[PDB]
Amino acid sequence: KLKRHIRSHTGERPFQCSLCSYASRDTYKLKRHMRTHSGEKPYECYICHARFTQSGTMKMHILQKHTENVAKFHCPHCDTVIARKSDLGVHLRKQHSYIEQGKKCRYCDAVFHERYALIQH
DNA sequence: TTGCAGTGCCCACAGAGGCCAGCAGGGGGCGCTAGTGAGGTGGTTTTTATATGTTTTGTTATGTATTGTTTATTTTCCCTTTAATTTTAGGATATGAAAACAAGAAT
Ligand SMILES: [Zn+2]
Ligand SMILES: [Zn+2]
Ligand SMILES: [Zn+2]
Ligand SMILES: [Zn+2]
């Protein structure tokens, strides 16, 4: 485990994908990459029978599509609710990240440093 | 009624941001095995140790040989007394040698 861990600092990727440029830190990530070229798909969502490449994708599918009463995530800055955490990530990166050079209002001279305040104005 | 100045509405293509699969990042827990590492047991020999038999060493007793001891028969040194043995006259013998006599021979 520690031998495998040290590549997280160094960056060694001693496992090459013979069919593309990808290179993984350990055996499992390479075996998981192989399904995309071979097209093998061992796992199956038992409810809708929709097809997926990856187990975790299926688990998130079940959680968002065939599950009830699941907790959501509220943006701290704005008042909108959205389902997935990673989409809350992309929301904070595209709308509430600090914009260095600023953006000016289309109709007045006021300049803003966050896209949210701009759209709100 | 119209031209002009200003408004309403409908569309649409952009723009935007949540939705979504895909995919890669670090880390937790299991399936299985090669390869030593060490520890324990068994076998082997072996080595120390012990006991028995044989022989070697030490001690004891008997016989032989050596040294000493008072006899003890030589033996040998020293007397006084004879028994040959020697020496010195003294008389007698003998054998010689002159001496006298007698006998040839010569002058
Ligand atoms: Zn590849
Ligand atoms: Zn499903
Ligand atoms: Zn927000
Ligand atoms: Zn403005």
# chains A, B, ... in the order shown; residues from 1 in each chain; ligands from 1

$ interface_residues --of "chain A" --to "chain B" --cutoff "12 Å" --atoms "only C-alpha atoms (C1' of nucleotides)" --output "PyMOL selection string"
chain A and resi 1-2+4-9+11+22-26+28-30+32-36+50-58+60-61+64-65+80-95+115-116+119

$ closest_atom_pairs --of "chain A" --to "ligand 4" --cutoff "12 Å" --atoms "only C-alpha atoms and all ligand atoms" --output "tab-separated table"
residue	atom	partner	partner_atom_place_in_ligand_line	distance
A:103	CA	ligand 4	1 (Zn)	11.2
A:104	CA	ligand 4	1 (Zn)	8.2
A:105	CA	ligand 4	1 (Zn)	4.8
A:106	CA	ligand 4	1 (Zn)	6.1
A:107	CA	ligand 4	1 (Zn)	4.4
A:108	CA	ligand 4	1 (Zn)	3.8
A:109	CA	ligand 4	1 (Zn)	6.7
A:110	CA	ligand 4	1 (Zn)	6.3
A:111	CA	ligand 4	1 (Zn)	8.9
A:112	CA	ligand 4	1 (Zn)	10.3
A:117	CA	ligand 4	1 (Zn)	11.0
A:118	CA	ligand 4	1 (Zn)	8.5
A:119	CA	ligand 4	1 (Zn)	9.8
A:120	CA	ligand 4	1 (Zn)	9.9
A:121	CA	ligand 4	1 (Zn)	6.3

$ residues_near_ligand --ligand "ligand 1" --cutoff "6 Å" --atoms "only C-alpha atoms (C1' of nucleotides) and all ligand atoms" --output "ChimeraX atom specification"
/A:17,19-20,22

$ residues_near_ligand --ligand "ligand 3" --cutoff "6 Å" --atoms "only C-alpha atoms (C1' of nucleotides) and all ligand atoms" --output "number ranges by chain"
A: 75, 77-78

$ write_last_selection --atoms "C-alpha atoms" --output "CSV table (one decimal), in the first residue's frame"
chain,number,residue,atom,x,y,z
A,75,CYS,CA,-25.5,26.6,-2.6
A,77,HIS,CA,-24.1,32.0,-2.0
A,78,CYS,CA,-27.3,31.8,-4.0

$ atom_distance --atom1 "atom CA of residue 47 of chain A" --atom2 "atom CA of residue 62 of chain A"
8.2 Å

$ select_by_dssp --residues "chain A" --states "alpha helix (DSSP H)" --output "PyMOL selection string"
chain A and resi 2-10+27-38+55-65+85-95+115-120

$ select_by_dssp --residues "segment 85-118 of chain A" --states "strand (DSSP E)" --output "MDAnalysis selection string"
chainID A and resid 98:104 111:114

$ write_last_selection --atoms "N, CA and C atoms" --output "PDB file, in the first residue's frame"
ATOM      1  N   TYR A  98     -13.823  33.762  -8.019  1.00  0.00           N
ATOM      2  CA  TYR A  98     -13.347  35.133  -8.156  1.00  0.00           C
ATOM      3  C   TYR A  98     -12.797  35.350  -9.564  1.00  0.00           C
ATOM      4  N   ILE A  99     -13.364  36.323 -10.273  1.00  0.00           N
ATOM      5  CA  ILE A  99     -12.940  36.691 -11.621  1.00  0.00           C
ATOM      6  C   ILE A  99     -11.995  37.878 -11.504  1.00  0.00           C
ATOM      7  N   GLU A 100     -10.728  37.644 -11.856  1.00  0.00           N
ATOM      8  CA  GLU A 100      -9.648  38.585 -11.572  1.00  0.00           C
ATOM      9  C   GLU A 100      -9.840  39.917 -12.294  1.00  0.00           C
ATOM     10  N   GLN A 101      -9.861  39.897 -13.632  1.00  0.00           N
ATOM     11  CA  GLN A 101      -9.984  41.143 -14.384  1.00  0.00           C
ATOM     12  C   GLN A 101     -11.364  41.788 -14.293  1.00  0.00           C
ATOM     13  N   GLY A 102     -12.349  41.122 -13.699  1.00  0.00           N
ATOM     14  CA  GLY A 102     -13.671  41.692 -13.554  1.00  0.00           C
ATOM     15  C   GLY A 102     -14.522  41.575 -14.806  1.00  0.00           C
ATOM     16  N   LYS A 103     -15.820  41.809 -14.618  1.00  0.00           N
ATOM     17  CA  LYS A 103     -16.796  41.908 -15.695  1.00  0.00           C
ATOM     18  C   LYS A 103     -17.638  43.158 -15.490  1.00  0.00           C
ATOM     19  N   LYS A 104     -17.887  43.894 -16.570  1.00  0.00           N
ATOM     20  CA  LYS A 104     -18.712  45.092 -16.500  1.00  0.00           C
ATOM     21  C   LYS A 104     -20.151  44.747 -16.872  1.00  0.00           C
ATOM     22  N   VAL A 111     -18.664  47.690 -12.404  1.00  0.00           N
ATOM     23  CA  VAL A 111     -17.833  46.511 -12.612  1.00  0.00           C
ATOM     24  C   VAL A 111     -18.010  45.587 -11.412  1.00  0.00           C
ATOM     25  N   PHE A 112     -17.984  44.280 -11.668  1.00  0.00           N
ATOM     26  CA  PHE A 112     -18.164  43.269 -10.637  1.00  0.00           C
ATOM     27  C   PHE A 112     -17.029  42.260 -10.730  1.00  0.00           C
ATOM     28  N   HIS A 113     -16.768  41.578  -9.616  1.00  0.00           N
ATOM     29  CA  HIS A 113     -15.696  40.597  -9.558  1.00  0.00           C
ATOM     30  C   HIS A 113     -16.194  39.169  -9.389  1.00  0.00           C
ATOM     31  N   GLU A 114     -17.506  38.955  -9.341  1.00  0.00           N
ATOM     32  CA  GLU A 114     -18.058  37.609  -9.342  1.00  0.00           C
ATOM     33  C   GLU A 114     -19.239  37.582 -10.301  1.00  0.00           C
TER      34      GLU A 114
END

$ decode --residues "chain B" --atoms "C-alpha atoms (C1' of nucleotides)" --output "PDB file, in the first residue's frame"
ATOM      1  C1'  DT B   1     -55.879  61.389 -43.722  1.00  0.00           C
ATOM      2  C1'  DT B   2     -50.111  61.006 -43.434  1.00  0.00           C
ATOM      3  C1'  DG B   3     -45.096  61.450 -41.706  1.00  0.00           C
ATOM      4  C1'  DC B   4     -42.695  61.109 -37.805  1.00  0.00           C
ATOM      5  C1'  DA B   5     -41.342  59.414 -33.071  1.00  0.00           C
ATOM      6  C1'  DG B   6     -41.940  56.184 -30.049  1.00  0.00           C
ATOM      7  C1'  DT B   7     -44.101  51.410 -28.277  1.00  0.00           C
ATOM      8  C1'  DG B   8     -45.620  46.166 -28.349  1.00  0.00           C
ATOM      9  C1'  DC B   9     -45.076  41.762 -29.488  1.00  0.00           C
ATOM     10  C1'  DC B  10     -43.431  37.529 -31.478  1.00  0.00           C
ATOM     11  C1'  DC B  11     -39.688  34.934 -32.710  1.00  0.00           C
ATOM     12  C1'  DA B  12     -35.213  32.834 -32.287  1.00  0.00           C
ATOM     13  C1'  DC B  13     -30.472  31.949 -31.643  1.00  0.00           C
ATOM     14  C1'  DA B  14     -27.397  32.618 -28.215  1.00  0.00           C
ATOM     15  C1'  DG B  15     -26.021  32.255 -23.746  1.00  0.00           C
ATOM     16  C1'  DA B  16     -26.029  30.089 -19.836  1.00  0.00           C
ATOM     17  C1'  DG B  17     -26.010  26.658 -16.090  1.00  0.00           C
ATOM     18  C1'  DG B  18     -27.867  22.465 -14.089  1.00  0.00           C
ATOM     19  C1'  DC B  19     -27.924  17.511 -15.513  1.00  0.00           C
ATOM     20  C1'  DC B  20     -25.445  13.587 -16.583  1.00  0.00           C
ATOM     21  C1'  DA B  21     -21.950   9.700 -17.890  1.00  0.00           C
ATOM     22  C1'  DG B  22     -17.224   9.107 -18.018  1.00  0.00           C
ATOM     23  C1'  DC B  23     -12.990   8.821 -15.817  1.00  0.00           C
ATOM     24  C1'  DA B  24      -9.070   9.485 -12.836  1.00  0.00           C
ATOM     25  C1'  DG B  25      -7.299  10.487  -7.870  1.00  0.00           C
ATOM     26  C1'  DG B  26      -6.104   8.461  -2.996  1.00  0.00           C
ATOM     27  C1'  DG B  27      -7.041   5.008   0.216  1.00  0.00           C
ATOM     28  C1'  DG B  28      -9.289   0.543   2.898  1.00  0.00           C
ATOM     29  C1'  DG B  29      -9.766  -4.423   3.074  1.00  0.00           C
ATOM     30  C1'  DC B  30      -9.243  -9.234   1.256  1.00  0.00           C
ATOM     31  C1'  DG B  31      -7.417 -14.010  -1.670  1.00  0.00           C
ATOM     32  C1'  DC B  32      -3.425 -16.416  -2.142  1.00  0.00           C
ATOM     33  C1'  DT B  33       1.412 -17.796  -2.085  1.00  0.00           C
ATOM     34  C1'  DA B  34       7.061 -18.305  -2.234  1.00  0.00           C
ATOM     35  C1'  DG B  35      10.551 -18.238   0.799  1.00  0.00           C
ATOM     36  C1'  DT B  36      13.005 -18.023   4.643  1.00  0.00           C
ATOM     37  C1'  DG B  37      13.633 -18.173   9.798  1.00  0.00           C
ATOM     38  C1'  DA B  38      13.569 -20.411  13.900  1.00  0.00           C
ATOM     39  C1'  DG B  39      12.410 -23.976  17.123  1.00  0.00           C
ATOM     40  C1'  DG B  40      11.748 -28.692  18.507  1.00  0.00           C
ATOM     41  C1'  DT B  41      12.511 -33.686  18.096  1.00  0.00           C
ATOM     42  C1'  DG B  42      14.983 -37.730  16.863  1.00  0.00           C
ATOM     43  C1'  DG B  43      19.147 -40.168  15.705  1.00  0.00           C
ATOM     44  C1'  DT B  44      23.696 -40.860  16.004  1.00  0.00           C
ATOM     45  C1'  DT B  45      27.935 -41.155  17.789  1.00  0.00           C
ATOM     46  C1'  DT B  46      30.751 -40.084  20.993  1.00  0.00           C
ATOM     47  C1'  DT B  47      32.827 -39.178  24.672  1.00  0.00           C
ATOM     48  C1'  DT B  48      33.262 -39.483  29.150  1.00  0.00           C
ATOM     49  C1'  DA B  49      33.116 -42.661  32.506  1.00  0.00           C
ATOM     50  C1'  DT B  50      33.153 -47.139  34.936  1.00  0.00           C
ATOM     51  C1'  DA B  51      34.492 -51.890  35.909  1.00  0.00           C
ATOM     52  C1'  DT B  52      37.189 -56.178  35.000  1.00  0.00           C
ATOM     53  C1'  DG B  53      41.235 -58.767  33.888  1.00  0.00           C
ATOM     54  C1'  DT B  54      46.016 -59.017  33.343  1.00  0.00           C
ATOM     55  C1'  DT B  55      50.402 -57.737  34.518  1.00  0.00           C
ATOM     56  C1'  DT B  56      53.795 -55.186  36.993  1.00  0.00           C
ATOM     57  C1'  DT B  57      55.644 -53.630  41.200  1.00  0.00           C
ATOM     58  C1'  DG B  58      56.722 -54.042  45.949  1.00  0.00           C
ATOM     59  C1'  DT B  59      57.534 -56.773  49.886  1.00  0.00           C
ATOM     60  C1'  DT B  60      59.067 -60.943  52.389  1.00  0.00           C
ATOM     61  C1'  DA B  61      61.842 -65.116  53.458  1.00  0.00           C
ATOM     62  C1'  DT B  62      65.563 -68.395  52.611  1.00  0.00           C
ATOM     63  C1'  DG B  63      70.135 -69.724  51.192  1.00  0.00           C
ATOM     64  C1'  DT B  64      74.728 -68.615  50.099  1.00  0.00           C
ATOM     65  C1'  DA B  65      78.842 -66.204  50.707  1.00  0.00           C
ATOM     66  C1'  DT B  66      81.846 -63.176  53.323  1.00  0.00           C
ATOM     67  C1'  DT B  67      84.120 -61.508  57.477  1.00  0.00           C
ATOM     68  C1'  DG B  68      85.526 -62.256  61.758  1.00  0.00           C
ATOM     69  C1'  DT B  69      87.276 -65.247  66.435  1.00  0.00           C
ATOM     70  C1'  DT B  70      89.215 -67.958  69.359  1.00  0.00           C
ATOM     71  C1'  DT B  71      91.762 -71.940  69.161  1.00  0.00           C
ATOM     72  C1'  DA B  72      95.542 -74.794  67.176  1.00  0.00           C
ATOM     73  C1'  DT B  73      98.773 -77.161  64.934  1.00  0.00           C
ATOM     74  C1'  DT B  74     103.010 -75.183  62.458  1.00  0.00           C
ATOM     75  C1'  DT B  75     106.908 -72.774  62.726  1.00  0.00           C
ATOM     76  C1'  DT B  76     110.513 -70.565  63.767  1.00  0.00           C
ATOM     77  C1'  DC B  77     113.526 -68.001  66.792  1.00  0.00           C
ATOM     78  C1'  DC B  78     116.513 -68.907  70.610  1.00  0.00           C
ATOM     79  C1'  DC B  79     119.237 -71.630  73.960  1.00  0.00           C
ATOM     80  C1'  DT B  80     122.695 -75.805  76.159  1.00  0.00           C
ATOM     81  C1'  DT B  81     124.471 -80.461  74.686  1.00  0.00           C
ATOM     82  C1'  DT B  82     126.411 -83.765  72.012  1.00  0.00           C
ATOM     83  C1'  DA B  83     128.461 -86.347  67.096  1.00  0.00           C
ATOM     84  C1'  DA B  84     130.757 -85.917  63.414  1.00  0.00           C
ATOM     85  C1'  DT B  85     134.475 -83.481  61.534  1.00  0.00           C
ATOM     86  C1'  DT B  86     138.244 -80.970  60.909  1.00  0.00           C
ATOM     87  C1'  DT B  87     143.267 -79.501  62.002  1.00  0.00           C
ATOM     88  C1'  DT B  88     147.959 -80.200  63.970  1.00  0.00           C
ATOM     89  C1'  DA B  89     151.839 -82.638  65.245  1.00  0.00           C
ATOM     90  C1'  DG B  90     154.659 -87.377  65.447  1.00  0.00           C
ATOM     91  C1'  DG B  91     155.923 -91.807  63.792  1.00  0.00           C
ATOM     92  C1'  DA B  92     156.390 -94.786  60.187  1.00  0.00           C
ATOM     93  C1'  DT B  93     156.787 -95.908  55.047  1.00  0.00           C
ATOM     94  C1'  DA B  94     158.588 -95.898  50.420  1.00  0.00           C
ATOM     95  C1'  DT B  95     160.754 -95.136  46.488  1.00  0.00           C
ATOM     96  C1'  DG B  96     164.549 -92.669  44.753  1.00  0.00           C
ATOM     97  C1'  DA B  97     169.060 -91.776  44.068  1.00  0.00           C
ATOM     98  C1'  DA B  98     173.611 -91.369  45.103  1.00  0.00           C
ATOM     99  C1'  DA B  99     177.328 -94.489  46.556  1.00  0.00           C
ATOM    100  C1'  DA B 100     179.965 -98.225  46.859  1.00  0.00           C
ATOM    101  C1'  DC B 101     181.098-102.672  44.879  1.00  0.00           C
ATOM    102  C1'  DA B 102     181.776-105.886  41.282  1.00  0.00           C
ATOM    103  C1'  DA B 103     182.122-106.891  36.191  1.00  0.00           C
ATOM    104  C1'  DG B 104     183.691-106.080  31.101  1.00  0.00           C
ATOM    105  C1'  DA B 105     186.740-103.608  28.464  1.00  0.00           C
ATOM    106  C1'  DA B 106     190.780-101.201  27.056  1.00  0.00           C
ATOM    107  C1'  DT B 107     195.693 -99.640  27.258  1.00  0.00           C
TER     108       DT B 107
END
